[PDB]
>>> print(open('final.cif').read())   # mmCIF, C-alpha atoms; chains and numbers go by the auth columns
data_input
#
loop_
_atom_site.group_PDB
_atom_site.id
_atom_site.type_symbol
_atom_site.label_atom_id
_atom_site.label_comp_id
_atom_site.label_asym_id
_atom_site.label_seq_id
_atom_site.Cartn_x
_atom_site.Cartn_y
_atom_site.Cartn_z
_atom_site.B_iso_or_equiv
_atom_site.auth_seq_id
_atom_site.auth_asym_id
ATOM 1 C CA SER A 1 -5.447 -9.026 -31.202 0.00 1 A
ATOM 2 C CA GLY A 2 -2.041 -9.941 -32.573 0.00 2 A
ATOM 3 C CA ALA A 3 -2.814 -10.439 -36.255 0.00 3 A
ATOM 4 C CA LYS A 4 -4.864 -7.252 -36.496 0.00 4 A
ATOM 5 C CA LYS A 5 -2.102 -5.305 -34.721 0.00 5 A
ATOM 6 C CA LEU A 6 0.415 -6.688 -37.210 0.00 6 A
ATOM 7 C CA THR A 7 -1.832 -5.917 -40.209 0.00 7 A
ATOM 8 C CA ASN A 8 -2.335 -2.334 -39.022 0.00 8 A
ATOM 9 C CA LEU A 9 1.392 -1.655 -38.706 0.00 9 A
ATOM 10 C CA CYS A 10 2.134 -3.098 -42.110 0.00 10 A
ATOM 11 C CA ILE A 11 -0.703 -1.184 -43.781 0.00 11 A
ATOM 12 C CA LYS A 12 0.596 2.073 -42.347 0.00 12 A
ATOM 13 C CA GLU A 13 4.227 1.265 -43.167 0.00 13 A
ATOM 14 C CA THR A 14 3.581 0.259 -46.828 0.00 14 A
ATOM 15 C CA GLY A 15 0.619 2.383 -47.908 0.00 15 A
ATOM 16 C CA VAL A 16 -1.302 -0.643 -49.237 0.00 16 A
ATOM 17 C CA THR A 17 -4.954 0.292 -49.722 0.00 17 A
ATOM 18 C CA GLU A 18 -8.152 -1.716 -49.272 0.00 18 A
ATOM 19 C CA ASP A 19 -8.889 -1.653 -53.032 0.00 19 A
ATOM 20 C CA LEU A 20 -5.845 -3.895 -53.568 0.00 20 A
ATOM 21 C CA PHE A 21 -7.060 -6.473 -51.059 0.00 21 A
ATOM 22 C CA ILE A 22 -10.572 -6.385 -52.541 0.00 22 A
ATOM 23 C CA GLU A 23 -9.140 -6.833 -56.035 0.00 23 A
ATOM 24 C CA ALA A 24 -7.106 -9.877 -54.943 0.00 24 A
ATOM 25 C CA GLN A 25 -10.110 -11.462 -53.268 0.00 25 A
ATOM 26 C CA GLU A 26 -12.683 -10.673 -55.964 0.00 26 A
ATOM 27 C CA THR A 27 -10.451 -11.699 -58.881 0.00 27 A
ATOM 28 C CA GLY A 28 -8.428 -14.528 -57.372 0.00 28 A
ATOM 29 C CA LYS A 29 -5.295 -12.880 -58.830 0.00 29 A
ATOM 30 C CA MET A 30 -3.094 -10.709 -56.598 0.00 30 A
ATOM 31 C CA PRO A 31 -2.549 -7.439 -58.456 0.00 31 A
ATOM 32 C CA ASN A 32 1.078 -6.639 -59.308 0.00 32 A
ATOM 33 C CA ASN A 33 1.160 -3.452 -57.268 0.00 33 A
ATOM 34 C CA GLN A 34 4.326 -2.712 -55.368 0.00 34 A
ATOM 35 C CA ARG A 35 2.522 -1.622 -52.207 0.00 35 A
ATOM 36 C CA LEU A 36 0.827 -5.041 -51.983 0.00 36 A
ATOM 37 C CA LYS A 37 4.155 -6.806 -52.572 0.00 37 A
ATOM 38 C CA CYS A 38 5.704 -4.787 -49.781 0.00 38 A
ATOM 39 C CA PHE A 39 2.777 -5.406 -47.426 0.00 39 A
ATOM 40 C CA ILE A 40 3.287 -9.140 -47.929 0.00 40 A
ATOM 41 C CA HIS A 41 7.005 -8.730 -47.260 0.00 41 A
ATOM 42 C CA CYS A 42 6.175 -6.681 -44.129 0.00 42 A
ATOM 43 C CA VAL A 43 3.955 -9.439 -42.756 0.00 43 A
ATOM 44 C CA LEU A 44 6.534 -12.170 -43.420 0.00 44 A
ATOM 45 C CA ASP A 45 9.239 -10.046 -41.816 0.00 45 A
ATOM 46 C CA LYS A 46 7.138 -9.261 -38.709 0.00 46 A
ATOM 47 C CA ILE A 47 6.541 -12.987 -38.151 0.00 47 A
ATOM 48 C CA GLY A 48 10.201 -13.787 -38.712 0.00 48 A
ATOM 49 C CA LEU A 49 9.742 -15.805 -41.928 0.00 49 A
ATOM 50 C CA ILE A 50 12.096 -13.942 -44.278 0.00 50 A
ATOM 51 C CA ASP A 51 15.637 -12.902 -43.443 0.00 51 A
ATOM 52 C CA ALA A 52 17.874 -9.995 -44.419 0.00 52 A
ATOM 53 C CA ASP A 53 19.128 -11.975 -47.425 0.00 53 A
ATOM 54 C CA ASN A 54 15.541 -12.323 -48.720 0.00 54 A
ATOM 55 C CA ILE A 55 15.474 -16.068 -47.979 0.00 55 A
ATOM 56 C CA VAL A 56 12.201 -17.490 -46.707 0.00 56 A
ATOM 57 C CA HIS A 57 12.147 -19.802 -43.670 0.00 57 A
ATOM 58 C CA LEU A 58 8.565 -20.972 -43.437 0.00 58 A
ATOM 59 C CA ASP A 59 9.826 -24.135 -41.755 0.00 59 A
ATOM 60 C CA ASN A 60 10.328 -21.976 -38.634 0.00 60 A
ATOM 61 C CA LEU A 61 6.591 -22.316 -38.029 0.00 61 A
ATOM 62 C CA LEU A 62 7.139 -26.063 -37.468 0.00 62 A
ATOM 63 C CA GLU A 63 8.863 -25.643 -34.121 0.00 63 A
ATOM 64 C CA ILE A 64 6.138 -23.128 -33.188 0.00 64 A
ATOM 65 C CA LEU A 65 2.822 -24.417 -34.314 0.00 65 A
ATOM 66 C CA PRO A 66 0.598 -27.130 -32.959 0.00 66 A
ATOM 67 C CA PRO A 67 1.047 -30.478 -34.671 0.00 67 A
ATOM 68 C CA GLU A 68 -2.175 -30.018 -36.672 0.00 68 A
ATOM 69 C CA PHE A 69 -0.422 -27.366 -38.821 0.00 69 A
ATOM 70 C CA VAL A 70 2.667 -29.439 -39.643 0.00 70 A
ATOM 71 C CA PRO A 71 1.521 -31.083 -42.912 0.00 71 A
ATOM 72 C CA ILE A 72 0.313 -27.784 -44.341 0.00 72 A
ATOM 73 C CA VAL A 73 3.464 -25.865 -43.455 0.00 73 A
ATOM 74 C CA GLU A 74 5.761 -28.650 -44.624 0.00 74 A
ATOM 75 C CA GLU A 75 4.035 -28.812 -47.985 0.00 75 A
ATOM 76 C CA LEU A 76 4.268 -25.044 -48.568 0.00 76 A
ATOM 77 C CA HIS A 77 7.902 -24.968 -47.512 0.00 77 A
ATOM 78 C CA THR A 78 8.997 -27.932 -49.614 0.00 78 A
ATOM 79 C CA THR A 79 6.940 -27.000 -52.689 0.00 79 A
ATOM 80 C CA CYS A 80 7.671 -23.284 -52.727 0.00 80 A
ATOM 81 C CA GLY A 81 10.823 -22.596 -50.714 0.00 81 A
ATOM 82 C CA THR A 82 12.123 -19.168 -51.679 0.00 82 A
ATOM 83 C CA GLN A 83 10.884 -17.866 -55.033 0.00 83 A
ATOM 84 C CA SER A 84 13.569 -15.230 -55.502 0.00 84 A
ATOM 85 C CA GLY A 85 12.933 -11.876 -57.119 0.00 85 A
ATOM 86 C CA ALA A 86 14.991 -8.720 -57.408 0.00 86 A
ATOM 87 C CA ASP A 87 14.401 -7.560 -53.820 0.00 87 A
ATOM 88 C CA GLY A 88 12.511 -8.535 -50.694 0.00 88 A
ATOM 89 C CA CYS A 89 9.086 -7.343 -51.804 0.00 89 A
ATOM 90 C CA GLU A 90 9.335 -9.205 -55.135 0.00 90 A
ATOM 91 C CA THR A 91 10.527 -12.378 -53.354 0.00 91 A
ATOM 92 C CA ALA A 92 7.653 -12.151 -50.865 0.00 92 A
ATOM 93 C CA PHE A 93 5.179 -11.724 -53.738 0.00 93 A
ATOM 94 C CA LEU A 94 6.529 -14.521 -55.939 0.00 94 A
ATOM 95 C CA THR A 95 6.768 -16.898 -52.971 0.00 95 A
ATOM 96 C CA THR A 96 3.190 -16.063 -51.948 0.00 96 A
ATOM 97 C CA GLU A 97 2.005 -16.643 -55.518 0.00 97 A
ATOM 98 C CA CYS A 98 3.473 -20.135 -55.164 0.00 98 A
ATOM 99 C CA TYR A 99 1.722 -20.600 -51.782 0.00 99 A
ATOM 100 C CA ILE A 100 -1.629 -19.609 -53.323 0.00 100 A
ATOM 101 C CA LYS A 101 -1.192 -22.184 -56.108 0.00 101 A
ATOM 102 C CA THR A 102 -0.135 -24.865 -53.577 0.00 102 A
ATOM 103 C CA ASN A 103 -2.778 -24.427 -50.866 0.00 103 A
ATOM 104 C CA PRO A 104 -5.549 -22.094 -51.967 0.00 104 A
ATOM 105 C CA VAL A 105 -7.808 -22.915 -49.026 0.00 105 A
ATOM 106 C CA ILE A 106 -5.283 -21.824 -46.457 0.00 106 A
ATOM 107 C CA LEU A 107 -4.027 -18.830 -48.432 0.00 107 A
ATOM 108 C CA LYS A 108 -7.576 -17.525 -49.037 0.00 108 A
ATOM 109 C CA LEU A 109 -8.286 -17.638 -45.289 0.00 109 A
ATOM 110 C CA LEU A 110 -4.957 -15.949 -44.513 0.00 110 A
ATOM 111 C CA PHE A 111 -5.732 -13.197 -47.006 0.00 111 A
ATOM 112 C CA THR A 112 -8.964 -12.406 -45.233 0.00 112 A
ATOM 113 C CA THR A 113 -7.044 -12.345 -41.933 0.00 113 A
ATOM 114 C CA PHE A 114 -4.163 -10.118 -43.038 0.00 114 A
ATOM 115 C CA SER A 115 -6.525 -7.642 -44.688 0.00 115 A
ATOM 116 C CA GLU A 116 -7.913 -4.240 -43.760 0.00 116 A
#
>>> encode(input="final.cif", output="structure tokens")
Amino acid sequence: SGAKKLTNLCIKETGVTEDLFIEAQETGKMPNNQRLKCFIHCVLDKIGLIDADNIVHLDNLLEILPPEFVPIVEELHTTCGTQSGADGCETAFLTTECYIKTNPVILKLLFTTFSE
């Protein structure tokens, strides 16, 4: 139950609440709440996708994932890269906003996954 274990830890660590996830899903617009930004950073950090300098390395998934995920990961990495904000949580949020614009199908499924 890896993804649920990860989600649990990051919920407890950031204080994100279910109302924020419901609002993102029901409105299609992630709310600009710092606890949601930091949850997203927490998830990226747990998977190893953002480093201590707040640079995103989504291309890491390419050595890891089955070939069927390569085109999707490559497109998100090349289109979005690192969308830098003032700190790690802002960078995670801005980069994920770019991911949602680039591949809404995949990001909507991931949001249901990494949700309480």
>>> axis_aligned_box(input="final.cif", around="region 100-116 of chain A", padding_each_side="8 Å", output="AutoDock Vina command-line options")
--center_x -4.5 --center_y -14.6 --center_z -49.0 --size_x 24.8 --size_y 36.6 --size_z 30.2
>>> residues_around(input="final.cif", residues="residue 37 (chain A)", least_positions_apart="3", cutoff="9 Å", atoms="all atoms listed in the file", output="list in words")
residues 16, 31, 32, 33, 34, 40, 41, 42, 88, 89, 90, 91, 92, 93 and 94 of chain A
>>> write_last_selection(input="final.cif", atoms="C-alpha atoms", output="PDB file, in the frame of the given file")
ATOM      1  CA  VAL A  16      -1.302  -0.643 -49.237  1.00  0.00           C
ATOM      2  CA  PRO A  31      -2.549  -7.439 -58.456  1.00  0.00           C
ATOM      3  CA  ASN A  32       1.078  -6.639 -59.308  1.00  0.00           C
ATOM      4  CA  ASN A  33       1.160  -3.452 -57.268  1.00  0.00           C
ATOM      5  CA  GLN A  34       4.326  -2.712 -55.368  1.00  0.00           C
ATOM      6  CA  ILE A  40       3.287  -9.140 -47.929  1.00  0.00           C
ATOM      7  CA  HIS A  41       7.005  -8.730 -47.260  1.00  0.00           C
ATOM      8  CA  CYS A  42       6.175  -6.681 -44.129  1.00  0.00           C
ATOM      9  CA  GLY A  88      12.511  -8.535 -50.694  1.00  0.00           C
ATOM     10  CA  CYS A  89       9.086  -7.343 -51.804  1.00  0.00           C
ATOM     11  CA  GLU A  90       9.335  -9.205 -55.135  1.00  0.00           C
ATOM     12  CA  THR A  91      10.527 -12.378 -53.354  1.00  0.00           C
ATOM     13  CA  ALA A  92       7.653 -12.151 -50.865  1.00  0.00           C
ATOM     14  CA  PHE A  93       5.179 -11.724 -53.738  1.00  0.00           C
ATOM     15  CA  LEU A  94       6.529 -14.521 -55.939  1.00  0.00           C
TER      16      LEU A  94
END
>>> residues_around(input="final.cif", residues="region 18-28 of chain A", least_positions_apart="2", cutoff="9 Å", atoms="all atoms listed in the file", output="list in words")
residues 16, 30, 31, 33, 35, 36, 108, 111, 112, 115 and 116 of chain A
>>> residues_around(input="final.cif", residues="residue 49 (chain A)", least_positions_apart="2", cutoff="12 Å", atoms="all atoms listed in the file", output="ChimeraX atom specification")
/A:40-47,51-62,64,73,77,81-82,88,91-92,95-96
>>> atom_distance(input="final.cif", atom1="CA of residue 86 (chain A)", atom2="CA of residue 8 (chain A)")
26.1 Å
>>> closest_residue(input="final.cif", among="A:69, A:79, A:84, A:4", to="residue 106 (chain A)", atoms="all atoms listed in the file")
A:69
>>> atom_distance(input="final.cif", atom1="CA of residue 11 (chain A)", atom2="CA of residue 63 (chain A)")
28.0 Å
>>> atom_distance(input="final.cif", atom1="CA of residue 103 (chain A)", atom2="CA of residue 7 (chain A)")
21.4 Å
>>> closest_residue(input="final.cif", among="A:114, A:87, A:5, A:72", to="residue 102 (chain A)", atoms="only C-alpha atoms")
A:72
>>> closest_residue(input="final.cif", among="A:83, A:67, A:113, A:78", to="residue 50 (chain A)", atoms="all atoms listed in the file")
A:83
>>> build_atoms(input="final.cif", residues="region 67-88 of chain A", atoms="N, CA and C atoms", output="PDB file, keeping the file's coordinate frame")
ATOM      1  N   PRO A  67       0.855 -29.421 -33.686  1.00  0.00           N
ATOM      2  CA  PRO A  67       1.047 -30.478 -34.671  1.00  0.00           C
ATOM      3  C   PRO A  67       0.045 -30.441 -35.811  1.00  0.00           C
ATOM      4  N   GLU A  68      -1.192 -29.972 -35.600  1.00  0.00           N
ATOM      5  CA  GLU A  68      -2.175 -30.018 -36.672  1.00  0.00           C
ATOM      6  C   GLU A  68      -1.785 -29.159 -37.865  1.00  0.00           C
ATOM      7  N   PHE A  69      -0.875 -28.185 -37.696  1.00  0.00           N
ATOM      8  CA  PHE A  69      -0.422 -27.366 -38.821  1.00  0.00           C
ATOM      9  C   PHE A  69       0.782 -27.917 -39.559  1.00  0.00           C
ATOM     10  N   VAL A  70       1.409 -28.978 -39.051  1.00  0.00           N
ATOM     11  CA  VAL A  70       2.667 -29.439 -39.643  1.00  0.00           C
ATOM     12  C   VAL A  70       2.525 -29.827 -41.107  1.00  0.00           C
ATOM     13  N   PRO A  71       1.561 -30.660 -41.508  1.00  0.00           N
ATOM     14  CA  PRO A  71       1.521 -31.083 -42.912  1.00  0.00           C
ATOM     15  C   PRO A  71       1.347 -29.910 -43.857  1.00  0.00           C
ATOM     16  N   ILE A  72       0.551 -28.926 -43.455  1.00  0.00           N
ATOM     17  CA  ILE A  72       0.313 -27.784 -44.341  1.00  0.00           C
ATOM     18  C   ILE A  72       1.565 -26.943 -44.494  1.00  0.00           C
ATOM     19  N   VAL A  73       2.243 -26.656 -43.374  1.00  0.00           N
ATOM     20  CA  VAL A  73       3.464 -25.865 -43.455  1.00  0.00           C
ATOM     21  C   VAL A  73       4.552 -26.601 -44.202  1.00  0.00           C
ATOM     22  N   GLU A  74       4.737 -27.893 -43.909  1.00  0.00           N
ATOM     23  CA  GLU A  74       5.761 -28.650 -44.624  1.00  0.00           C
ATOM     24  C   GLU A  74       5.532 -28.622 -46.118  1.00  0.00           C
ATOM     25  N   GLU A  75       4.286 -28.773 -46.551  1.00  0.00           N
ATOM     26  CA  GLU A  75       4.035 -28.812 -47.985  1.00  0.00           C
ATOM     27  C   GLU A  75       4.345 -27.469 -48.636  1.00  0.00           C
ATOM     28  N   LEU A  76       3.966 -26.361 -47.994  1.00  0.00           N
ATOM     29  CA  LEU A  76       4.268 -25.044 -48.568  1.00  0.00           C
ATOM     30  C   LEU A  76       5.759 -24.780 -48.620  1.00  0.00           C
ATOM     31  N   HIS A  77       6.470 -25.163 -47.567  1.00  0.00           N
ATOM     32  CA  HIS A  77       7.902 -24.968 -47.512  1.00  0.00           C
ATOM     33  C   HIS A  77       8.616 -25.799 -48.566  1.00  0.00           C
ATOM     34  N   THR A  78       8.252 -27.073 -48.679  1.00  0.00           N
ATOM     35  CA  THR A  78       8.997 -27.932 -49.614  1.00  0.00           C
ATOM     36  C   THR A  78       8.621 -27.618 -51.051  1.00  0.00           C
ATOM     37  N   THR A  79       7.347 -27.259 -51.307  1.00  0.00           N
ATOM     38  CA  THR A  79       6.940 -27.000 -52.689  1.00  0.00           C
ATOM     39  C   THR A  79       7.476 -25.673 -53.177  1.00  0.00           C
ATOM     40  N   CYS A  80       7.478 -24.662 -52.316  1.00  0.00           N
ATOM     41  CA  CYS A  80       7.671 -23.284 -52.727  1.00  0.00           C
ATOM     42  C   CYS A  80       9.020 -22.727 -52.322  1.00  0.00           C
ATOM     43  N   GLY A  81       9.535 -23.119 -51.161  1.00  0.00           N
ATOM     44  CA  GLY A  81      10.823 -22.596 -50.714  1.00  0.00           C
ATOM     45  C   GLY A  81      10.876 -21.090 -50.838  1.00  0.00           C
ATOM     46  N   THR A  82      11.982 -20.582 -51.365  1.00  0.00           N
ATOM     47  CA  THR A  82      12.123 -19.168 -51.679  1.00  0.00           C
ATOM     48  C   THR A  82      11.990 -19.011 -53.189  1.00  0.00           C
ATOM     49  N   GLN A  83      11.012 -18.219 -53.628  1.00  0.00           N
ATOM     50  CA  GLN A  83      10.884 -17.866 -55.033  1.00  0.00           C
ATOM     51  C   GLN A  83      11.523 -16.490 -55.172  1.00  0.00           C
ATOM     52  N   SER A  84      12.784 -16.457 -55.600  1.00  0.00           N
ATOM     53  CA  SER A  84      13.569 -15.230 -55.502  1.00  0.00           C
ATOM     54  C   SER A  84      13.221 -14.230 -56.596  1.00  0.00           C
ATOM     55  N   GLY A  85      13.053 -12.979 -56.195  1.00  0.00           N
ATOM     56  CA  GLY A  85      12.933 -11.876 -57.119  1.00  0.00           C
ATOM     57  C   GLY A  85      14.050 -10.888 -56.870  1.00  0.00           C
ATOM     58  N   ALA A  86      13.897  -9.685 -57.399  1.00  0.00           N
ATOM     59  CA  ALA A  86      14.991  -8.720 -57.408  1.00  0.00           C
ATOM     60  C   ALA A  86      15.244  -8.111 -56.034  1.00  0.00           C
ATOM     61  N   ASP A  87      14.245  -8.110 -55.160  1.00  0.00           N
ATOM     62  CA  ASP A  87      14.401  -7.560 -53.820  1.00  0.00           C
ATOM     63  C   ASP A  87      13.455  -8.311 -52.899  1.00  0.00           C
ATOM     64  N   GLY A  88      13.303  -7.808 -51.673  1.00  0.00           N
ATOM     65  CA  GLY A  88      12.511  -8.535 -50.694  1.00  0.00           C
ATOM     66  C   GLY A  88      11.032  -8.542 -51.027  1.00  0.00           C
TER      67      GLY A  88
END
